[PDB]
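Scroll down for the structure; my scribbles are underneath it.
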Amino acid sequence: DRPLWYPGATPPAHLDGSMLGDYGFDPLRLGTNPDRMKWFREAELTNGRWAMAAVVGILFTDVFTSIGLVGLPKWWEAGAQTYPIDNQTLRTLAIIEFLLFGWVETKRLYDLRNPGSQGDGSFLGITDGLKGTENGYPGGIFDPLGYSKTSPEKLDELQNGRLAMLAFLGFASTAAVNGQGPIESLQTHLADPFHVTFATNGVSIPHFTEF
Amino acid sequence: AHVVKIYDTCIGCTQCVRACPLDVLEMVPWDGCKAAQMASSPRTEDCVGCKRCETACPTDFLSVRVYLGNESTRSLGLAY
Amino acid sequence: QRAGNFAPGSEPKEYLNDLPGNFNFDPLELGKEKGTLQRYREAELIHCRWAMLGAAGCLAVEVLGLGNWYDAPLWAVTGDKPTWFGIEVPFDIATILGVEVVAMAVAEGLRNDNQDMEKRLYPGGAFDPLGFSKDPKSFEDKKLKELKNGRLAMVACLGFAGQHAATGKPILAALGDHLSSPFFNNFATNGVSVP
Amino acid sequence: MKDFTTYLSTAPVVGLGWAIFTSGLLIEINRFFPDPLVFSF
Amino acid sequence: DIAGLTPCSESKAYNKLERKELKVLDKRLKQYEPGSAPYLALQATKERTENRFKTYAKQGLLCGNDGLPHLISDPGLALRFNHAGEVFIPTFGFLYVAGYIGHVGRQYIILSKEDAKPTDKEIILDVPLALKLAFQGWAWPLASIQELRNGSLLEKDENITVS
Amino acid sequence: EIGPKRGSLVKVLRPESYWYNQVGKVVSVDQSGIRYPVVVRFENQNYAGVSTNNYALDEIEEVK
Ligand SMILES: CC(/C=C/C=C(C)/C=C/[C@@]12O[C@]1(C)C[C@@H](O)CC2(C)C)=C\C=C\C=C(C)\C=C\C=C(C)\C=C\[C@@]12O[C@]1(C)C[C@@H](O)CC2(C)C
Ligand SMILES: CC(/C=C/C=C(C)/C=C/[C@@]12O[C@]1(C)C[C@@H](O)CC2(C)C)=C\C=C\C=C(C)\C=C\C=C(C)\C=C\[C@@]12O[C@]1(C)C[C@@H](O)CC2(C)C
Ligand SMILES: CC1=C[C@H](O)CC(C)(C)[C@H]1/C=C/C(C)=C/C=C/C(C)=C/C=C/C=C(C)/C=C/C=C(C)/C=C/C1=C(C)C[C@H](O)CC1(C)C
Ligand SMILES: N[C@@H](CCC(=O)N[C@@H](CS)C(=O)NCC(=O)O)C(=O)O
Ligand code: SF4
Ligand code: SF4
Ligand SMILES: C[As](C)(=O)[O-]
Ligand SMILES: C[As](C)(=O)[O-]
Ligand SMILES: C[As](C)(=O)[O-]
């Protein structure tokens, strides 16, 4: 167990067992049953891994836009720019998305159900590489960077994934009330840190600041 | 009149007799634990059917059940 | 015997062990009783054979250029005599239906009275005059072959009617539409398939 | 004090504390937010 | 256009009703001086009445031949349009709150079945336990589905029946 | 020596009994010999307000 979420006098019940990114945070006791805990673990993994590859598309692409090197659109209308484009693969996108996902999501599903259970002659000659070392941690995928003894670098992945999920939640909450993008909000907030603040946009009470 | 029955489910608490208002049922030999009595209905010409004996019987389920039948001068509680 | 799993790593179903074309499919756990599974396999084989015939005919009509599979009986409303390769068969509407009813009645009634649980599925004698089933090893293989090829024809024929219902175009015409611009001419761009 | 806190688990508590909380909350929501009959979207 | 109803801005009866209400308010509003309390009360009432009539006509809600608003309750008609708030999301909000309530009450009544004389706890509640469970039920959809897959809510036919 | 151990809780199978399929501890299995030897005790009341009853040994069964 790594440091606790509350520094003082908040005893965990079932989070004394070892697990990646365990800071003893479970106020609602949603992971008491070990099987459901084992499921929610993969839940975190798939959410974090997905939000990180998403926030990078919002962060690293808009930093060049503000500097002026590239003229890409903001994400709150990047979806609207696509289909008006001349060569536009129109919205047969969603359904082919669902098909192409489903085929893989079901494999991951049945692997979580029967861990590392891939038939011998099921997939052409690559059945062998599809067996995963652990749940949510497959072998054949990472080419280098996994054959070390200090395998507990998964802490970095989990902390960055949680930070990126918070990042995308903040992006969706900002681009909804601030009207501007994340980089633009950051730059205006560095310009004048006392006026551009969530208190002026998001809460209904302080809008009656009539002296 | 009122067909009264007494099943084997009984402990002989002597309560459905000190509660009956018409002195209809008796308690003669039974092989019990401490008291050893069982209720019986030898006569029914005076039973009115008030179901006061069914309220005091603590047996589960009740030991006595009054099968409601036909009415008469005694069964209708008629002083006239 | 077992040819594969529908989902790799799926937990096997003990109902289907000794069956031909075993893919461990039945997910709703039907045919679990030992009696119903026989009828259901008659259903498979017979539907497969009928389908394969229907799909072959639908494809042949358009491949040889005689017309549409949907416009096949449709002459019955205009009145023009039916045609098989433009030979213009002369029979009327009622005669066709009557002969169909009587012939199907006779054939189906004869088929039903077999009461040989293994021949109700795979008849013999006159139905395979060439004697392909005499070899035991090739017989199992051809069984699997017809089962698969008829499971395709069954899905194809439903794709035939499903395609025609959303877009009236014929089979080869819709195929050419799709092969012309794949990403644009699809089933989500129909406006009727997915709401 | 102890017997008083124990007494404060009966009808004269939540059932009063409750439903007072709820009446107050609903009245305040209908006061600050005057007349809702359909959601924002 | 659905069900022969028309958006509620183009309803002459709706505007006639608004004018009627305003006339009825002003006829007795003219009884008091602009400084007294009743006058301010009627002014504020007229304020939020005009606000009623203005704020409704946004995102679309159908009024019929009577000019009054009519709620559309079918999912599918609230979709393909903009009526998902008439009654589609309120359904889910009530379902959430009712879940919350039933979940908390059930877990309370279960955790009390273990101690001696639970009947007392039903007339003398465990206020701190009720407060704790009150601030733990806002994830109940997660706990309900997996407690269902668990089986800790199905009683294995050990109850009193008569047949 | 005849009925279940005293203090061991058991259920009821009297078809006509208020207490049915639910468990109740035994007061004293009557060893003197009688058709209703097992006296079971229940905390919750019945329609009549009685807490205990005696049953036959062919009716009671094991624990949950
Ligand atoms: C924040 C979040 C979840 C929050 C969970 C919380 C708070 C839970 C907290 C607790 O449970 C614990 C832990 C313990 C419990 O005892 C108590 C509570 C308190 C209950 C999920 C984010 C989830 C984040 C996800 C899944 C992000 C996916 C983002 C995507 C797909 C974005 C896509 C695009 O943005 C691009 C990239 C470009 C654009 O142009 C186009 C679009 C399409 C918009
Ligand atoms: C595909 C199909 C049905 C599919 C059903 C399936 C897969 C069921 C699957 C499952 O049960 C399993 C296995 C296991 C369960 O736990 C789960 C489910 C999911 C329930 C029927 C096809 C059925 C296909 C049939 C019967 C085809 C017959 C073709 C005919 C009759 C054509 C006639 C003509 O076309 C000609 C030939 C010439 C033209 O000119 C004129 C006309 C008249 C149009
Ligand atoms: C597995 C493997 C294997 C092989 O072999 C190799 C390789 C290839 C290497 C691999 C892969 C990898 C990868 C992909 C990685 C990635 C990651 C990521 C993406 C992260 C992110 C991550 C991300 C992140 C953290 C993010 C974060 C963010 C944040 C906080 C934000 C904040 C904010 C907000 C709120 C709002 C405002 O307005 C702005 C700001 C201020 C800005
Ligand atoms: N464009 C939406 C209609 C709803 C909408 O977004 N309207 C615009 C005005 S036409 C709006 O409200 N914009 C709010 C904003 O930009 O913040 C649609 O496709 O149905
Ligand atoms: S019904 Fe009344 S009168 Fe008759 S036996 Fe019972 S107590 Fe006596
Ligand atoms: S009242 Fe019932 S249990 Fe008691 S002696 Fe009479 S019949 Fe038996
Ligand atoms: C891993 As599970 C109990 O959510 O199917
Ligand atoms: C509430 As909005 C920024 O989606 O119009
Ligand atoms: C769409 As149609 C001509 O089959 O009714």
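Note that we place each Cβ from the backbone using ideal geometry, even for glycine, and neighbour counts take in every protein chain shown. The numbers here are math on the coordinates, done by the rules we state, and not lab data.
Calculate the mean, over all residues of peptide B:44-51, of how many other protein chain Cβ atoms lie within 10 angstrom of the residue's Cβ.
0
Hey, got the average number of other protein chain Cβ atoms within 10 angstrom for residues in D:32-41?
Mean inter-chain Cβ contacts per residue within 10 Å come to 6.
For B:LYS5, give me every one of the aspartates and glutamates with a C-alpha distance below 20 angstrom, ignoring sequence neighbours fewer than eight places off in its own chain.
B:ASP23, B:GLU26, B:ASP31, B:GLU45, B:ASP46, B:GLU54, B:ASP60, B:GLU71, F:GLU16
Other chains' Cβ within 10 Å of A:28-34 residues: what's the mean?
4
Normalised by the residues of segment A:77-169, what does the relative contact order come to in percent, with Cα pairs under 8 Å and at least six apart?
12
Name all residues of segment C:20-51 having a backbone nitrogen under 19 Å from the label point set 7 Å from the Cα of C:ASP116 along its Cα→Cβ direction, giving them as ranges.
C:38-39, C:41-43, C:45-46
FRET efficiency for A:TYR23 and C:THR189, Cβ-Cβ distance as r, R0 = 60 Å, nearest 0.05?
Efficiency, from the Cβ-Cβ distance: 0.75.
Can you give me the distance in nm between label points at D:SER23 and C:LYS81, each placed 7 Å from the Cα along the Cα-to-Cβ direction?
Taking the simple label geometry, D:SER23 and C:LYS81 are separated by 9.2 nm.
Which of rounded, prolate or oblate describes chain C when judged by the alpha-carbon gyration tensor and an a/c cut-off of 1.5?
It is oblate, given that a/c is not under 1.5 and a/b is not larger than b/c.
Please list, or write none, the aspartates and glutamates whose alpha carbon is within less than 17 Å of the alpha carbon of E:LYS58, excluding same-chain residues fewer than 8 places away.
Filter leaves D:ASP35, E:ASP1, E:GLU10, E:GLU18, E:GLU50, E:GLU86.
Could you sort the peptides E:118-130, C:12-24 by per-residue average Cβ neighbour count (10 Å cutoff), highest mean leading?
C:12-24, E:118-130
Cut-off is 10 Å between beta-carbons; in what order do C:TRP84, A:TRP5, E:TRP140 appear when sorted fewest neighbours first?
In order of increasing Cβ crowding within 10 Å: C:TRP84, A:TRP5, E:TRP140.
With an 8 Å cut-off on Cα pairs and a minimum separation of 6 or more residues, tell me the relative contact order of chain F in percent.
33
Set the Förster distance to 25 Å, then compute FRET efficiency between A:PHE64 and A:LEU169 from the Cβ-Cβ distance, nearest 0.05.
Computed FRET efficiency for A:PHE64 and A:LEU169: 0.60.
Using alpha carbon centroids, what distance separates chain D and segment A:23-39, in Å?
Here the two parts' Cα centres lie 32 Å apart.
So how do E:153-160, C:1-8 stack up, highest first, on mean other-Cβ count within 10 Å?
Ranked by mean Cβ neighbours within 10 Å, highest first: C:1-8, E:153-160.
Let me know the Kirkwood hydrodynamic radius for the protein assembly as shown, please, with Cα pairs as the basis and the value in Å to one decimal.
For the protein assembly as shown, the Kirkwood estimate is 37.8 Å.
Output ³J(HN,Hα) for segment D:31-41: one whole-Hz value per residue in order, computed from phi by the Karplus curve 6.51 cos²θ - 1.76 cosθ + 1.60 with θ = phi - 60°, and x for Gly and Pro.
Values, residue by residue: 7, 5, 9, x, 9, x, 9, 7, 6, 4, 9 Hz.
Quote the FRET efficiency, to the nearest 0.05, computed for F:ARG41 versus E:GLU114 with a Förster distance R0 of 22 Å and r equal to the Cβ-Cβ distance.
0.70
Once you keep just the Cα pairs under 8 angstrom separated by 6 or more residues, what percentage relative contact order results for chain C?
Answer for chain C is 21 percent.
For the modelled label position 7 Å from the Cα of C:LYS148 along Cα-to-Cβ, which residues of segment C:1-36 have backbone nitrogen atoms closer than 17 Å?
Counting only backbone N, you get C:1-8, C:19-25.
Please list the equivalent ellipsoid semi-axes of segment A:1-147, computed as the square roots of five times the alpha-carbon gyration tensor eigenvalues, in descending order and whole angstrom.
Ellipsoid semi-axes (Å, largest first): 35, 27, 16.
Can you pull out the trypsin sites (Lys or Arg not before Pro) in segment A:74-183 whose DSSP state is coil and whose Cβ has at most 12 other Cβ atoms within 10 Å?
The qualifying sites are A:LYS149.
Ratio of alpha-carbon Rg to the 2.2 N^0.38 Å globular estimate for segment A:102-211, to two decimals, please.
1.77
What's the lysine pair count for chain C at a Cα cut-off below 19 Å, pairs eight or more apart or interchain?
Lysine pairs meeting both conditions in chain C amount to 13.
Among the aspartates and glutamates, select those whose C-alpha is under 12 Å from the C-alpha of F:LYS64, and discard any that sit fewer than 8 residues away in the same chain.
Here the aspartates and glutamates satisfying the reach criterion relative to F:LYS64 are E:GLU155, E:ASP157, E:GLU158.
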